[PDB]
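One chain is shown next in structure tokens, namely the form described as "closed state" in its entry title.
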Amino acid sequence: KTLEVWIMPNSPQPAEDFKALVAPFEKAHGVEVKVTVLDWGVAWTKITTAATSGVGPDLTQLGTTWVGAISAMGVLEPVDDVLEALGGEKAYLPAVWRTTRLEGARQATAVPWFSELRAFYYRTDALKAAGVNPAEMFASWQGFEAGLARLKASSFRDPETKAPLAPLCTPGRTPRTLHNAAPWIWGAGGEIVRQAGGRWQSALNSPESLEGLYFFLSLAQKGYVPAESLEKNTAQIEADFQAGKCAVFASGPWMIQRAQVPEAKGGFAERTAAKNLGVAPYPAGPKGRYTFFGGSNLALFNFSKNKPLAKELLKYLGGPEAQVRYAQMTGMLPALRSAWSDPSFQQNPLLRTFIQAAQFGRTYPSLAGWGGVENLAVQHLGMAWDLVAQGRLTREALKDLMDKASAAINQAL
């Protein structure tokens, strides 16, 4: 018998790493495990096409936020037996457990594979030279703005580029998701959707959510984000941080591993940023401190010919040995709570900060219509970034854009 698994590029050699991870399972169950690697760019499409055609792999990886959508199409096997077999609900963070099913469904459709959440990477050299205490800059919004002001003013020059560093690199194209903006919405006491008397509605136009977005977008108006960044996406900003063009930017724990690996295998060990890398959690806003908590689950398609064998593989990948090994190869965090206690995570100081940030990780409701709701949100936010490009953003103009987003989102639900 043979299994097919579809994954995303979770590690630098993503196929090789997965083949090594499941070698003991291949040997132990006497089976070959064919893996196919989909860019995040087109994974939504390949997976959805397998769901409607009823042709594809036994297992697929899923972004946490996609489980509701795929579940609702009626193409996923229940996996209660696999979750029970791994310790059930108590074995996982509640922000991870939320993403095992369609919101409000009897049965689980996804087994948690790994987690990732966002924190600030910073240049320890740049902050030291501007006399900014990282604990102070990342403690509060007031601290954050004050650090960027000191960072804008500093004479410091990257020793490779001999040029300044821009204080903050954040993208301001159309976002593809609200991963970058959600923490500011949450930090201010806001949220994207509110569950009121059974149905969900937009909360993007609440006073608290508009104070969060406007704080985030206002950092660009105050010139802590350079013009050219308002034309870039997350990948090109990662390049800019790695290349010594900016002091601070938000990403997931993969950059820690990327810093120990040389330029010629997708890493940045050779760069000044790699020998001067700090990490801090999102600053606390008025109503507290939050980051985007996501990652990926594995799902079994209900048309698989190899269901027994494929649930065995799910028990394996979802369980303690495989959870530790995959996390070392990817730089992600294990989805299984137990497996965080491994020495290999406790002795990396930068990873400790992401492990701590997990307590303030927030996720989205696992909704059939989530992707639609995020598209309306980011399309309207994108027109607020256009106002920033022009130096014309106001609280009024942002309220008006989020009111149109809200009216569309209430409809979509």
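Whichever C-alpha set is largest while still superposing within 1.5 Å between the two forms counts as the rigid core. Throughout, we count residues from 1 along the sequence that is shown.
The protein also exists as the form described as "open state" in its entry title; that form is not presented, and the subsequent description refers to it.
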| query | finding |
| --- | --- |
| Threshold 2 Å Cα movement between this form and the one not shown for residue 263, core superposed | yes |
| Core-aligned C-alpha movement of residue 375 between this form and the one not shown, 2 Å or more | no |
| Exceeds or equals 2 Å, Cα of residue 222 between this form and the one not shown, core fit | no |
| Pair residue 39/residue 245, Cα separation in the other form versus the displayed form, closer or farther by 3 angstroms or more | farther |
